[PDB]
Amino acid sequence: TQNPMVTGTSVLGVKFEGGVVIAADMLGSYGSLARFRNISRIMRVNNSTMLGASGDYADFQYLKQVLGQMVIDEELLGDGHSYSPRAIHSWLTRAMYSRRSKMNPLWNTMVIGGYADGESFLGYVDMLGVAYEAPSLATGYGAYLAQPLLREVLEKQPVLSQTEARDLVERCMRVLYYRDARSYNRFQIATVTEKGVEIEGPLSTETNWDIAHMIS
Amino acid sequence: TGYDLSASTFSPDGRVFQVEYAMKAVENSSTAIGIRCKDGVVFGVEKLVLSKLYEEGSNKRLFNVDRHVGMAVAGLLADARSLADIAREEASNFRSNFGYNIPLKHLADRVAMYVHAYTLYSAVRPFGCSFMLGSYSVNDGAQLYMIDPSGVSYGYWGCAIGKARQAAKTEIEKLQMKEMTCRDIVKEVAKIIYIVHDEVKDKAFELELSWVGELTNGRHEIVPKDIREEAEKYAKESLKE
Amino acid sequence: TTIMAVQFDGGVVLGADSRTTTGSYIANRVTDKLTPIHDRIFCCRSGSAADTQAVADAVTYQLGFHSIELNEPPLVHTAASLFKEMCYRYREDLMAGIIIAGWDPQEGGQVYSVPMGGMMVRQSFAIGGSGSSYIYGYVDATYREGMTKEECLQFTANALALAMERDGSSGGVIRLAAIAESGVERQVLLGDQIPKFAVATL
Amino acid sequence: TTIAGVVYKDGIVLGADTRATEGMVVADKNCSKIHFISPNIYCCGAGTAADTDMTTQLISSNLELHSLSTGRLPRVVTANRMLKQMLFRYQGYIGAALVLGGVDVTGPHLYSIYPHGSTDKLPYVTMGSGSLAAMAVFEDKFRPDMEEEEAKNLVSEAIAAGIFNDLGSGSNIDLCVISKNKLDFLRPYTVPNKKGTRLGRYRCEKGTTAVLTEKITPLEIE
Amino acid sequence: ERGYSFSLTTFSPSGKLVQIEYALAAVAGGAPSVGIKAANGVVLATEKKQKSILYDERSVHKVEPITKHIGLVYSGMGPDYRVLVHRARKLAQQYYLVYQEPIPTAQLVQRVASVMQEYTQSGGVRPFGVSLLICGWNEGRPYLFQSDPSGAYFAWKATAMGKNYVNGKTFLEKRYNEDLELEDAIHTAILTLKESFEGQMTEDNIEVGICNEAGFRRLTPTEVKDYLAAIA
Amino acid sequence: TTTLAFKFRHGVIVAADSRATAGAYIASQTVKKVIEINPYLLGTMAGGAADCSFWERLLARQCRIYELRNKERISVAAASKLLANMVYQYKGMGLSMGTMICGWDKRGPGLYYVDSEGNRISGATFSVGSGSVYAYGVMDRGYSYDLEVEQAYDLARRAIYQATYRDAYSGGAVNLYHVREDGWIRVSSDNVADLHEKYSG
Amino acid sequence: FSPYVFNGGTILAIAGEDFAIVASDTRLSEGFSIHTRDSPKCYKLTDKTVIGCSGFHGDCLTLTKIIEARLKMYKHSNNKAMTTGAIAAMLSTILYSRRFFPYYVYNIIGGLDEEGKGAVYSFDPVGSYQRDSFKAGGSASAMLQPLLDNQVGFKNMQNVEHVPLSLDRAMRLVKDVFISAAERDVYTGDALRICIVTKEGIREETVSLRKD
Amino acid sequence: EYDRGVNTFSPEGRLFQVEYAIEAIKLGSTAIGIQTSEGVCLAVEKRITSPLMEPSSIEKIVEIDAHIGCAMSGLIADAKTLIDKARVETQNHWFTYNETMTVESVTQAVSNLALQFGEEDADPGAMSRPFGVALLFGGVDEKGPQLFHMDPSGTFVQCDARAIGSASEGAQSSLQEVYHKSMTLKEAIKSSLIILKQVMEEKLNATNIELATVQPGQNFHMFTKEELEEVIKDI
Amino acid sequence: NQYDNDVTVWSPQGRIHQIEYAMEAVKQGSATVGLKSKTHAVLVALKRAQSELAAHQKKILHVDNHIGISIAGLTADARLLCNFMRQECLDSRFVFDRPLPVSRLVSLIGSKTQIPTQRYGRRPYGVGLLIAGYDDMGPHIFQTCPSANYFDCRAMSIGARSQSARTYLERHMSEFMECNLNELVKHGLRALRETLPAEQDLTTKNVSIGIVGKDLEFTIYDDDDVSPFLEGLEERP
Ligand SMILES: O=C(NC1CCCC1)[C@@H]1CCCCOc2cccc(c2)C[C@H](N2CCCC2=O)C(=O)N[C@@H](CCN2CCOCC2)C(=O)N1
């Protein structure tokens with residue numbers, strides 16, 4: 001992909017005590033045009049792993065297809081081994097790096113959330129093959145607008161509860177709606193716990209416009 | 001007499017003896033049976049245990065070739081594993097190209113043609129395995145197919161491959177499987193496998209059970225352990241009396 | 001170009017304008033942009049004529065062979081998937097926005113957008129081509145659930161008429177096709193049959 | 001270049017001018033732009049002359065093989081499919097714009113084929129640098145199901161519009177009339193332009209040119 | 001599989017390529033064919049007996065056009081002949097594409113014979129089991145050629161192939177004459193076929209093609225019917 | 001970089017500076033610019049450090065293989081030809097190498113200049129690198145075929161010293177080698193600060 | 001599309017008589033943002049060898065994985081672990097293999113040679129490399145190197161007793177130079193990971209740096 | 001004969017071609033390697049076939065690298081490819097790792113070629129048959145002196161003392177009778193020459209044998225005629 | 001006979017004689033035993049010396065930190081397969097950053113070694129493998145054969161006279177799960193000793209051991225490193 005066509009905006013992720021939460025708005029933008037307003041940019045990879053993607057949506061659909069087939073192929077063996085979130089993150093890092101090295105990149109930034117062996121995993125992979133782990137993550141404009149809030153909270157409180165993390169991501173999504181011109185007030189929250197992966201569907205943030213009257 | 005050394009040579013009677021020899025290899029294997037019922041398909045296999053040194057579950061002859069498709073094999077196990085890999089590749093490629101689960105009939109046809117391609121040349125030899133494919137879907141119902149070394153594929157209500165296929169078929173024909181559930185059919189399958197098993201020649205064996213149907217929501221899987229224990233108890237009770 | 005498809009209970013309604021331009025010259029003014037891919041599966045093409053013609057022909061071939069092999073009517077989703085695979089694999093060489101609309105017995109009437117770049121999404125209704133930009137608001141204001149086939153035909157005709165009035169790259173006649181279980185009913189609105197909206201004066 | 005075609009009641013009429021230029025200089029005054037494809041199928045060509053010639057020759061030979069094997073008259077749709085798939089394969093680098101016309105078992109058929117491999121099936125078509133003038137003539141005067149003579153006059157007027165209003169078109173008008181019962185290749189159909197009479201005589205008399213060396217090699221004849 | 005890379009046709013201690021001789025035995029067991037080169041054309045005739053009346057005799061032709069001016073017929077194996085006909089048509093078209101001129105008959109014969117030779121030396125194939133009679137008209141002249149399974153070709157004034165071809169050649173020697181016209185050549189060809197024909201000949205029992213200035217064409221059953229009525 | 005080499009009555013002298021830079025930043029002052037291919041054969045490096053190092057190491061490998069196959073050391077001319085053919089394959093791709101191959105073979109002393117631009121020439125004196133013009137001046141004014149060994153050492157040291165004085169991209173230490181009939185010897189390594197002290201009172 | 005991005009990172013290595021220190025900052029940045037504060041640039045290769053890599057993080061990750069694989073393959077084929085010098089030579093060849101689409105990585109290897117003495121090898125992106133007593137690489141290398149020249153190499157100092165560098169003094173110097181770098185190089189900061197290689201093994205230490 | 005492919009197993013589980021190639025080894029001239037603490041000594045009977053032949057052109061001991069030599073027995077022409085592979089291997093190792101390859105690693109790399117022959121699914125350049133030569137690699141690496149034996153089957157083993165070739169039976173029995181782990185290099189050289197003199201047919205002299213040594217100090221060294229004369233005089 | 005020269009020729013009995021001959025190749029090799037407890041997997045290999053002056057041929061090889069193998073049969077085929085296995089484990093660690101599970105490695109070996117058994121001119125691999133591994137499912141002993149079949153075993157023995165070892169293992173397998181490492185190795189050594197003739201005896205020269213476990217990377221013990229395990233061994237009957 002030399003030129004991304006339909007793209008998704010920021011994806012947020014936060015670790016919490018006993019799981020991980022990821023948030024993404026449900027919009028595919030065609031340049032400035034909010035063309036496709038009900039697309040899911042979060043995928044359940046398996047019972048312990050979920051994946052959210054910003055960037056080119058067709059590249060995301062391709063990656064979702066390939067990952068789904070890999071997970072199916074592994075589940076067929078029935079040998080008691082399953083891909084951990086870390087293994088999926090490593091595989092995605094390799095795939096992105098290989099495509100970048102061919103000068104034919106997959107134009108996506110991905111947040112991989114997971115919960116295995118009583119430990120939370122939150123990984124970042126960008127289109128050049130830059131990957132890492134962190135307590136909190138935000139792609140695109142989120143990196144400038146959401147990440148400071150997440151990191152302030154986590155710096156003063158390293159371990160969050162699920163409720164605390166959920167409130168945090170809601171606040172970040174509201175800020176993104178206020179300030180990201182490619183945002184949309186309809187988003188999904190995916191949570192991975194020991195219980196599995198649960199994707200909560202169309203949500204909206206309450207907004208305040210009182211400053212609109214504060215005009216002179 | 002020289003006519004039976006290559007699959008690319010017809011005998012003067014129009015037979016291909018290498019394919020018949022591969023079929024003999026299939027015939028010298030422990031039996032497997034598939035039964036199609038109203039709700040799905042049940043597979044049973046008489047896995048002969050050639051030594052107590054082996055871990056239980058070694059050399060499984062039931063495979064998952066797709067979420068919705070199970071496969072039971074008889075004959076050369078390595079050839080069977082190769083064909084299972086081929087079937088898995090076919091299902092995965094079909095999902096990649098057309099975006100939905102491969103219909104069982106189409107998968108059976110594709111794998112049967114792959115098998116057939118090995119019956120025409122001196123460069124390769126025919127596969128030495130027969131196998132059944134079972135699936136259940138809401139739209140298609142329950143489907144059971146069998147493929148043999150010649151590449152012939154047919155749909156069945158009840159199928160037996162292996163060395164005791166004829167006796168197993170005689171037993172299967174006594175069931176009215178068209179109006180039965182998977183829950184009773186698993187017991188009947190265990191009973192048939194126990195009946196046809198040769199206690200003297202074959203020594204010990206493990207019963208392998210799998211199924212795919214409404215009760216599994218279209219997913220092929222090994223029969224749960226309690227279900228298998230009940231089925232084996234029923235089969236032994238049927239044998240003893 | 002302006003193309004549109006809308007789902008209704010039991011089928012789909014497709015529509016297109018008939019203008020094909022090279023620069024500002026109208027090379028063809030009665031183009032047929034609704035292409036039958038199969039008995040009850042159509043595609044509306046926008047973008048490069050050569051690319052969409054080639055891709056639609058390739059998909060028609062692949063889908064016909066697939067349907068013969070399976071002995072069953074193809075799924076609309078299968079045709080959309082074939083289109084998607086071709087449009088994604090060659091996204092750097094193709095300029096093709098496709099709408100695949102049809103009817104199949106399993107999922108009824110379906111509309112899928114395969115825009116430039118090769119993503120695929122199912123939609124209650126889809127619009128595309130250069131002129132669609134001018135009717136987004138209109139469709140968003142006028143669409144409602146539970147529209148009958150007649151209402152969907154009128155809705156598509158109105159939307160295409162507005163797009164054609166504003167978009168220099170659209171015009172000509174409106175080609176409509178309704179697809180249901182019973183089959184495909186095609187029609188052409190031309191001249192005074194095209195919905196009219198008065199130009200404001202003074 | 002101006003080429004055009006129309007479908008009339010019983011067949012096709014194709015037309016072309018006969019000028020070929022290099023830059024802004026006339027190279028050929030009598031270029032033949034209507035190309036044989038099969039006895040019932042012809043093709044006018046604009047764009048790159050070598051590309052048009054080679055593409056039409058190739059498709060004509062392939063269609064000849066196809067007809068030899070089938071033992072049936074070729075179909076226009078077959079010619080169109082072969083041409084368009086080849087042109088698309090070459091991604092517009094074969095600069096052949098074509099007007100393909102024929103009569104087969106399913107009646108008369110007229111296609112316009114563009115260099116990138118797009119095609120249009122239409123009752124009348126124009127191509128070349130003079131295409132717009134000819135198309136103006138058609139839009140003004142075309143009617144469905146014209147008689148043969150009306151169609152001939154219409155196509156001739158269209159080519160004449162191209163000849164007299166486009167610097168890239170000129171010289172003669174060639175027509176090709178195709179019906180199920182005949183083919184009339186009219187070359188030239190009209191000669192609207194002619195070189196003026198030479199007022200003076202500039203005849204170089206013998207001995208006017210000075211010669212340094214001369215060599216006469218006798219040739220043995222049968 | 002990939003094909004065998006070694007030749008199935010090899011030299012015997014006596015210096016013979018026995019597979020070629022066996023392919024020639026197959027040819028000699030084929031249905032009789034006759035070619036006659038007249039002053040103003042060439043006639044190819046061949047027995048076309050069907051096994052039963054159930055066969056749609058007008059569905060498969062033994063006399064085939066290669067180009068407007070070149071036709072051919074065969075003795076031997078039909079499917080091999082179809083292969084060679086397809087190759088010959090392709091070769092003629094390639095020649096036309098390069099030279100923008102109908103391929104001369106001799107050139108077409110040389111190219112087809114080259115293919116046939118290739119099948120006597122390449123790996124893992126047998127020779128073609130057919131002999132071809134190729135008729136053509138170019139440079140205001142008729143041409144009659146025969147091409148054998150070995151890839152050797154000869155120019156003939158008249159010849160016979162297939163079952164009973166030695167008697168046919170003697171008959172042609174007795175009857176043939178360089179000065180005779182095309183219609184007399186057709187009569188002579190049909191008479192040559194009659195010599196080795198079983199049962200009564202009809203317009204549906206034999207196939208005839210003619211090459212002259214206009215081109216090569218298969219004769220219709222009505223024209224053959226007229227010629228047969230004249231022959232009686 | 002400044003490297004020089006010259007043949008004279010008593011063999012071949014090879015001298016180099018020891019500085020390596022990345023842009024304007026001095027990456028190192030201790031780089032070894034004289035590659036010891038075998039006891040009778042030396043290579044010098046100028047230009048891209050990675051290119052010169054890699055390709056002269058490849059040359060050393062090929063020379064060892066040649067000796068094993070043919071039971072004799074490769075000649076200087078053959079070694080330089082090997083290098084030139086190796087680098088010609090990458091012409092115009094951005095390889096930066098200016099190398100002197102110096103040795104003693106059956107034909108006596110041998111001195112070849114080989115660069116990535118394709119040149120391969122024998123000569124009696126060469127200088128390569130960004131500081132080679134400055135070194136040429138001094139060497140040319142001081143050079144005779146009949147220099148004594150110590151005079152030759154002094155000439156090489158002074159030429160490299162002056163080059164490091166004028167050229168911003170040359171400096172560090174003068175490393176000096178002498179190729180004789182029975183193999184080369186590392187003559188010395190003198191820091192140009194010490195030389196500056198020596199050549200100025 | 002650019003296949004490269006600069007992710008910052010400052011690495012340092014010091015060879016002692018019987019030790020080698022490899023240190024790095026743990027900040028991972030892009031543009032003017034901080035991806036993470038916990039990305040150390042040092043990787044243990046063998047009980048005797050550590051490598052520091054800075055630059056384009058994608059290349060750093062891929063290169064470290066390739067080196068790990070090569071070390072295991074060498075151990076398989078030769079039945080012994082690679083020495084530090086062998087690793088340096090091999091890395092030079094790996095980097096040159098991409099001479100026309102380079103790894104955008106600066107590498108410093110710190111370990112023990114076969115004699116048990118500290119060895120530091122410094123590399124450029126296309127594989128040029130040399131042995132040094134000390135070296136800095138990455139974003140703040142131009143800041144670090146002159147101070148090390150002055151304090152480890154005693155350059156420009158007269159009437160100073162050139163004395164062998166003890167481990168304690170080396171640790172203090174590493175910490176001080178990284179503190180100075182965190183004040184002036186925007187990319188350097190958030191923490192200092194130090195790996196000390198001795199015959200006893202690899203010990204690890206972490207020190208806080210300023211976070212702005 | 002051609003009744004079987006080159007990759008056909010016998011009913012006893014052995015490849016026919018490998019067993020035949022070992023039979024071919026048993027026709028080679030006798031070579032003997034002895035490994036001691038002070039180094040490795042290789043010796044080989046030259047087997048001069050005519051007085052018009054030049055003995056110096058018979059190369060049965062070749063240098064693989066400064067620290068590795070190889071003695072060979074059997075079809076010597078087949079040994080050339082293996083020797084070149086070993087030489088290229090050591091030089092590739094030096095280029096990549098800036099160090100000397102161990103004797104075991106070189107032997108392993110050579111042995112990996114033994115069974116790389118076959119007909120079908122084989123690109124041009126593929127070997128049609130096994131190598132008919134046995135090799136004794138002597139060398140000195142960090143682990144001291146090392147002697148390795150490789151045969152046509154691709155099996156290689158470290159040996160203290162090994163005899164290959166036609167007379168390898170008696171030579172091996174004598175080596176077992178005489179070898180002790182503490183023997184010196186001079187002792188090993190003398191013993192190997194005694195065994196060669198015993199098993200050879202022509203009288204052992206300085207022209208009809210080859211002797212090389214590898215020591216931790218000196219590189220691979222081929223004895224000259226005068227050194228050979230001195231050693232032979234004390235026998 | 002006409003059926004016993006190519007892998008692509010089925011015999012009239014439904015057998016493939018070339019594969020059985022490769023089985024013989026394995027049955028000729030020196031005995032090796034594998035066994036396991038709840039926490040450890042052990043390979044014990046009896047090594048042969050071709051001559052009294054030659055070193056004993058190595059029978060245990062490294063594949064990955066968690067996987068080692070013991071070979072019996074043609075050693076060049078063994079090296080081919082070992083290199084393939086090593087590359088597979090390296091690929092797994094490169095792509096997924098995790099050790100390759102042992103069963104998946106065995107499946108890959110099965111496919112690789114089955115391919116040649118069906119193609120003209122190819123031969124079966126002439127080596128049998130015992131594979132000792134440790135992964136998330138615990139310890140594993142696998143046996144792979146020239147027929148490309150593989151078995152998951154509580155314990156196994158392959159090579160010449162391995163039937164005696166199998167008899168011992170069948171007798172004593174009930175005790176393996178609750179054995180500590182030392183008792184496990186001693187059981188392996190007794191099983192291996194059952195393969196020896198009366199004259200021969202287990203020493204520190206002809207025995208090699210390989211151990212893998214939860215906190216123990218695959219380690220090979222040779223020469224004096226075997227003495228601790230041999231010290232407690234009693235005298236054979
Ligand atoms: O002094 C030097 N040559 C002398 C010393 C030896 C022989 C003579 C050159 C002088 C620079 C000109 C060479 O053009 C390049 C060609 C290809 C690749 C690179 C540079 C890579 C890189 N580039 C590329 C441009 C920006 C940059 O920085 C770079 O300059 N690398 C340094 C490495 C030298 N040291 C580092 C490793 O440790 C040992 C010494 C380098 O090649 N210097």
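Numbering of ligands and ligand atoms starts at 1, following listing order. Residue numbers begin at 1 in each chain, while the letters A, B, ... track the order of the sequences. Quick note: numbers below take in every heavy atom, side chains included, and nothing from hydrogens, waters or symmetry partners.
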To the nearest 0.1 Å, how far is [atom] from its closest protein heavy atom, and which atom is that?
| atom | result |
| --- | --- |
| atom 33 (C) of ligand 1 | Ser128(G) OG, 3.6 Å |
| atom 4 (C) of ligand 1 | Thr1(F) OG1, 3.0 Å |
| atom 28 (O) of ligand 1 | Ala22(F) CB, 3.4 Å |
| atom 18 (C) of ligand 1 | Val126(G) CG2, 3.6 Å |
| atom 14 (O) of ligand 1 | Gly48(F) CA, 4.0 Å |
| atom 31 (N) of ligand 1 | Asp124(G) OD2, 3.2 Å |
| atom 43 (N) of ligand 1 | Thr21(F) O, 2.9 Å |
| atom 26 (C) of ligand 1 | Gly23(F) N, 4.9 Å |

Protein non-hydrogen atoms only, distance under 4.0 Å: does [atom] have such a neighbour?
| atom | value |
| --- | --- |
| atom 2 (C) of ligand 1 | yes |
| atom 8 (C) of ligand 1 | yes |
| atom 41 (C) of ligand 1 | yes |
| atom 23 (N) of ligand 1 | no |

Can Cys52(F) be said to touch ligand 1, with heavy atoms closer than 4.0 Å?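 No, that is not the case, since the closest heavy atom of the residue is not under 4.0 Å from the ligand.
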At a 4.0 Å cut-off, with the gap strictly under it, does some heavy atom of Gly47(F) reach an atom of ligand 1? yes
Flag for [Y]-[X]: side-chain donor and acceptor within less than 3.5 Å:
| X | Y | answer |
| --- | --- | --- |
| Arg193(G) | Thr26(G) | no |
| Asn175(F) | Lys33(F) | no |
| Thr84(G) | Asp113(G) | no |

For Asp17(F) and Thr1(F), what are the C-alpha separation, side-chain angles and deciding distance, and is it a side chain to side chain contact (heavy atoms under 4.5 Å, CB included)? CA-CA 6 Å; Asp17(F) 79 309; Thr1(F) 294; 3.9 Å; yes
Can you tell whether the side chains of [X] and [Y] come within less than 4.0 Å, N to carboxylate O?
| X | Y | answer |
| --- | --- | --- |
| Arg100(A) | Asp59(G) | yes |
| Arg64(F) | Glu67(F) | yes |
| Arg73(F) | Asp105(F) | no |
| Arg27(G) | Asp190(G) | yes |

Does the side chain of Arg61(F) come within less than 4.5 Å of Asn92(H)'s, by heavy atoms?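 The answer is yes; the side chains approach within 4.5 Å.
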Could you check whether any side-chain heavy atom of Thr64(G) comes within less than 4.5 Å of a side-chain heavy atom of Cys53(G), counting everything from C-beta outward?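 Yes, close enough: below the 4.5 Å cut-off.
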Backbone, side chain, both or neither: what part of [X] comes under 4.0 angstrom of ligand 1, heavy atoms only?
| X | value |
| --- | --- |
| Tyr129(G) | backbone |
| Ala46(F) | backbone |
| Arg99(G) | side chain |

Taking only heavy atoms of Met45(F) into account, list the atoms of ligand 1 that are under 4.0 Å away from them.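 Going through ligand 1 atom by atom, the ones under 4.0 Å from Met45(F) are 6 (C), 7 (C), 8 (C).
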Between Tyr104(G) and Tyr4(G), what is the ring plane arrangement, given parallel below 30°, perpendicular above 60°, and tilted in between? perpendicular
